[PDB]
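Considered here are two forms of the same protein chain, supplied as structure tokens in two stand-alone entries, structure 1 and structure 2.
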Structure 1
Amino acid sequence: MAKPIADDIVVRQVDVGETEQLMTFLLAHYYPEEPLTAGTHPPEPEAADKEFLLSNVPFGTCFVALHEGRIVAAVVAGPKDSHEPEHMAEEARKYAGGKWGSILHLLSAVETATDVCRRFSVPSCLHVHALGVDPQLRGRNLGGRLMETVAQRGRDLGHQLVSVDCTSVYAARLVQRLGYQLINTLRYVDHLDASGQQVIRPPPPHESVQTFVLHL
């Protein structure tokens, strides 16, 4: 139920009843800086974006770090299988024209390219959809501890693989030191929509989305 990872930080599982405080934290410290969100307009995520993240909570695969009764970091993960490339591609279509559509446009291209259940001959993968740390607590292994917690949850659940799309260079550096394997790089300047326009325009130093996997 509770994993002390410092003297004052506790890692807890998110319950289906406590999602508002998780979304408040994400809206403050995940979405404004996450490169796909920051690289598309308007700045704030669409309802369908926020609702998709929260739809992972029933899986028991979402975790927060608590300091003095408050969320200071969070990770949102959920399962996927070999249907995910077809599903994401049709979801990207459904929302084409808006912000969530643009985000899905990129993420679907990456999912199709990586296709990790077919790639590594595994029946399923635990995919990390969001990772955020309060800026005042960054550099203190909170991202790492949350990722390790997802990996252990993945092990209990029988998953043989964890995947994550590091849209941020800081997340790429984190999972590199956790020993993840880089399997795909897509530079944002290389990803166009059908009209030939760059879909995602995030601030430097975020130049690419780098997808990593960890074998469990």
Structure 2
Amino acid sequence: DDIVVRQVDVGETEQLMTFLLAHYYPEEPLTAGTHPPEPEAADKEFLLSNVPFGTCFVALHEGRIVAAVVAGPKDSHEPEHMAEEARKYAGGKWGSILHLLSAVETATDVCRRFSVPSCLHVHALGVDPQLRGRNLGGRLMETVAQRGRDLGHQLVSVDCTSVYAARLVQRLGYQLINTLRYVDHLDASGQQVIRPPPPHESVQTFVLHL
């Protein structure tokens, strides 16, 4: 067994972020479909704000992070939280990403939809493609689910903006609950919010009952 999977501790968030800037953000369709290419500090700081909840994990190989998953809890207030964040950041890169994510959050409304008090939501999953055959994405998703069970959460949710992620959670038994095409998602002025490159066409939200 060639990999160690462990919780991120908050003296290691910058190493987590260096990984994400190399192997999550560049090809992530919401980041790739909004300008400028570099994620804004609020975007990065939101991801890192999940580390103190103990729901973020890294896979390590010879002292280096080779995959990471950022998850955090959410409740039935999350549609309005996201709507408020979208409104506060409108006009910038994080505002456009939040505009789309908020539309997905309100449409899925998973705590009400599954009648559950809380849900562990996976915000980002990145893998170094150079390290092959260690099942890093699956192992990190299984770790998030096991952490959900330890916390008593009854549900895991994830918005797959790419189809590597969608195929991965399909094979872990997640249920597809919502699809939103990027060409169908406009702002109040009729502008397409996210303009990603081929082959990216939709954001698919999956849920797993714990």
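The term rigid core refers to the maximal set of C-alpha atoms that superpose within 1.5 Å between the two forms. Residues that one form lacks are left out of the comparison. Sequence positions of structure 1, starting at 1, serve as the residue numbers.
Matching the description of the form solved in complex with ligand COA is structure 1; structure 2 comes from elsewhere. Once you line up the core between the two structures, the CA of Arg138 is the only one from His129, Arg119, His87, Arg138 that shifts by 2 Å or more. Aligning the rigid core between the two structures leaves the CA of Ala73 offset by 0.4 Å. Comparing the conformations between the two structures, with the rigid core held fixed, yields only the displaced run 137-140, spanning 3+ consecutive residues whose C-alpha shift is 2 Å or more.
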